[PDB]
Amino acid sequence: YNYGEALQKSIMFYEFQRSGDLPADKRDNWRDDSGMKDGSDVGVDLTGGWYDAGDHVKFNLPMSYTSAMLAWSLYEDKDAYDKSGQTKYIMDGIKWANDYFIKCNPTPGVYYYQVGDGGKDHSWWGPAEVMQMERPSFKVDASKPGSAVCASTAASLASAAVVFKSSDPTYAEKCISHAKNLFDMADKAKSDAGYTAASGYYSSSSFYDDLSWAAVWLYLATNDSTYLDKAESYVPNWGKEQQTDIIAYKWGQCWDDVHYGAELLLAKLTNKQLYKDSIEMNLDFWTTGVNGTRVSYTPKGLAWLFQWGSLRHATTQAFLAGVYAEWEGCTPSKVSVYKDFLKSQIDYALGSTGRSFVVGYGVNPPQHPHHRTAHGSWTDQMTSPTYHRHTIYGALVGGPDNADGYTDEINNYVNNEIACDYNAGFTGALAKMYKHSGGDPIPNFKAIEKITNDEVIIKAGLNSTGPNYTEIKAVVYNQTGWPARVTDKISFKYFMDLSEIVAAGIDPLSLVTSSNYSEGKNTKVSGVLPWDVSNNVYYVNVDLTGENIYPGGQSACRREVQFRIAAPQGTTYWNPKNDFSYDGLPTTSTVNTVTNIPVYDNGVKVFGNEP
């Protein structure tokens, strides 16, 4: 498999998750500014960071877990990133998350750990750029603690400091300053009691693991052994295997449990047997098995841990196995076992079963990941359109069940959602496979997509008619996607040939235009205006400027306008047949897309034709 391309796309995945004011240097044409008022409720700029999964909540625990894991990869395999030419991209990602965590620590002792409400956010299915719901900010402090999330963020900031120190020593120091404050908060409190806004999504079941993980990274960033001593001091407090006094080993590294990564690092830093034994017990359980126990394996080779995000778990363990196998302290006989495991799990994700589980990569990749912005519905419907308008490159889907079963459907969020933490360890494992087996990334890769549907259209039909008038029912639709956006400067024009009016000795400008119905309070229908009088062409201008038309609902994306143009009552010379906009017009109140009632966006024609 082409591991370099996979690595390249896995890193790119995060760029599509970005919230906030996006860079001018962005390499896609379908994501734009969003969550621009994040933090406005507390008077703090909390814009930026990454949306968690297929949704738009910013959950700092998995977000910081993710950036800490990406930095860990860059720390372990900078040469792989340099050789593949992806170094700039992963560093930009790491900085994107950490710049946001810094904003979340506005003053010593205060940490905002979330922006958005799961309940409200998930109740709407649409693109990030046009979210209309409230996005509350939540914080922890001395009176309401969040040890896991504060320490997880400290680990992200400290690991970022380690990998940025050589090229940007000042940013490294900035990261360390904030990591120290957040760790102090976490260490002083030793409680997750104030971390409640993520209930039902990312509630924490442990924080001593996060304390050790953060302390290890702060040790590597500052070289102050005060932190190494702390890291080791929490070990007795880590969860144990049931009815044993053995450090847990039957799960895997993940957003809720980072003792696996902490013990791996502590083994390399101290060479103490306790840590070596602990990480090898975990890696053994995942490979050969240990003490009669072994993680389940699917018939096709996937180490299967749990129903949700099976690939996320397997590929993360693959990364840890790769890191540990390269360490001189690893039991020699297990080096090959662990490396074989890294390859088998990554290959399963990339295509060993005959298809890829990575969006926009390989053979028969997933087409319907549970992701709002990549899908791009403009009607608040998971079912419409019936295909994803965008390709969210690099995203690793949840994964199959214990029997390799997998259904690529948008509503399957258990096995087909995509998320920050899903790609975290995966990215690191990919860097290792690239280093070993290669595969050239795509040069100058970008995600500038072809526009696949007219972004703003109009449908019309004959509402009412008479010997002296024509009444039109028109509906404008915002189907924007590159990027999805509010269209508050839309207008359209209805063209007529009024030669018969001039011939009747009547002023075309005196005809009466009117509207008996229209959605939108700003809808304005003009009187008859001249367009090309040499050919007796006049028009009615319908301005929708000011209307908050956006691709996020059946009513939200459309504006209906009914308007009539009429010659004097009792007259019979009105002739709609020579009117440009009347040609082909649906003969009734049931509208259809028309191309002769042009739509304009800030005066620029974007749909339809003029006379």
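We number the residues from 1 along the sequence you see.
No coordinates for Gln367 in a third or more of the other PDB entries
In all of the other entries, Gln367 has coordinates.
Do at least a third of the other entries of this protein fail to model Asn516?
Affirmative; at least a third of those entries omit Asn516.
Compare the mean C-alpha B-factor of 602-610 with that of 3-11 as given in the PDB entry, and name the stretch with the higher value.
Mean B over CA atoms: larger for 602-610.
Identify the stretch, either 520-528 or 282-290, whose C-alpha atoms have the larger mean B-factor according to the entry.
Taking the mean C-alpha B-factor of 520-528 and of 282-290, the larger value falls to 520-528.
Based on the PDB record, which member of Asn181, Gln345, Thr331, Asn468 exhibits the highest Cα temperature factor?
Of the candidates given, the C-alpha B-factor peaks at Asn468.
Going by the deposited entry, which of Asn60, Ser581, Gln569, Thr66 has the highest CA temperature factor?
By C-alpha B-factor in the record, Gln569 ranks first.
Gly553's Cα B-factor: lowest, middle or highest third of the chain?
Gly553: CA B-factor falls in the middle third of its chain.
Which third of the chain does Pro366 land in by C-alpha B-factor: lowest, middle or highest?
As the PDB entry reports it, the C-alpha B-factor of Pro366 lands in the middle third of its chain.
Per the entry's values, where does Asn596 land by CA temperature factor relative to the rest of its chain, in the lowest, middle or highest third?
For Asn596, whose C-alpha B-factor we compare with every modelled residue in the chain, the answer is the middle third.
In terms of the CA temperature factor given in the entry, to which third of its chain does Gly239 belong: lowest, middle or highest?
As the PDB entry reports it, the C-alpha B-factor of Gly239 lands in the highest third of its chain.
What third of its chain, lowest, middle or highest, does the C-alpha temperature factor of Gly322 fall into?
Middle third by C-alpha B-factor.
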